[PDB]
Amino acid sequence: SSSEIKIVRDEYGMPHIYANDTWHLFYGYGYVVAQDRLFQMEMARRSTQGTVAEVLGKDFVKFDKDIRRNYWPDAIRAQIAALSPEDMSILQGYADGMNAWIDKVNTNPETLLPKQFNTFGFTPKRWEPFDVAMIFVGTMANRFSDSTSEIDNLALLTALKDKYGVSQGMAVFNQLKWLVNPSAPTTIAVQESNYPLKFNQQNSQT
């Protein structure tokens, strides 16, 4: 069958999905996630979009403002709108699968609603593709591939320049925050290759 999704769980509760097309496959995935980790997923969803203060109050308003200032939601929606039908099925199947279990949960809450929803006082809402994409953008791109301290580096550099003078402040800056250090242990041995680019280390842009 093309309409059938079979879910087998192992001795540790780990789900295996058997399905024949993309949409059915990711629908199954979505569905077991909603069974296993619904409260965790809902708090992650609020965390990555900055909607925590709506269910947890005033201590989370700065958090929510910080999250929203660090991304541009329409740029994400435009990337989702350009996907081909096969790629769009991954995301749409997954949200549909979650939705199918959330519908049963919101219909049968006396036995199926995760206890923490009662504890924190709110209930799960339905997901769309945008929400699935934002789980990965928030907790992986926006947080683990976004590091810079360029502004604070400039404040240190300026403070070293005042202490040791202009040329000397720069060389101490290079002592504390070198660009490259040729003795660093590297995952690729020097006999295999080295990085070809060379960079300015004088702050030549001022």
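When you see a residue number, it is the position in the sequence shown, counting from 1.
J.: Test of understanding: from the entry's C-alpha B-factors, which stretch has the higher mean, 43-51 or 154-162?
T.: For C-alpha atoms only, the mean B-factor is higher in 154-162.
J.: Which has the higher mean CA temperature factor in the PDB entry, 118-126 or 72-80?
T.: The stretch with the larger average C-alpha B-factor is 118-126.
J.: Of the options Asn142, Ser149, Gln175, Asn181, which has the highest CA B factor as deposited?
T.: It is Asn142.
J.: When you compare the CA B-factors of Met170, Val32, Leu38, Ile67 as listed in the entry, which one comes out on top?
T.: Answer, based on the entry's C-alpha B-factors: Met170.
J.: What third of its chain's C-alpha B-factors does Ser193 belong to: lowest, middle or highest?
T.: Middle third of the chain for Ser193's C-alpha B-factor.
J.: Where does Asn20 sit by CA temperature factor within its chain: lowest, middle or highest third?
T.: For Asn20, the deposited C-alpha B-factor lands in the highest third.
J.: Test of reading the entry: by CA B factor among the chain's modelled residues, which third contains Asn106?
T.: Tercile = highest for this residue's CA B-factor.
J.: How does the C-alpha B factor of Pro85 compare with the rest of the chain: lowest, middle or highest third?
T.: Top third by C-alpha B-factor.
J.: Lowest, middle or highest third of the chain for the C-alpha temperature factor of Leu112?
T.: For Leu112, whose C-alpha B-factor we compare with every modelled residue in the chain, the answer is the highest third.
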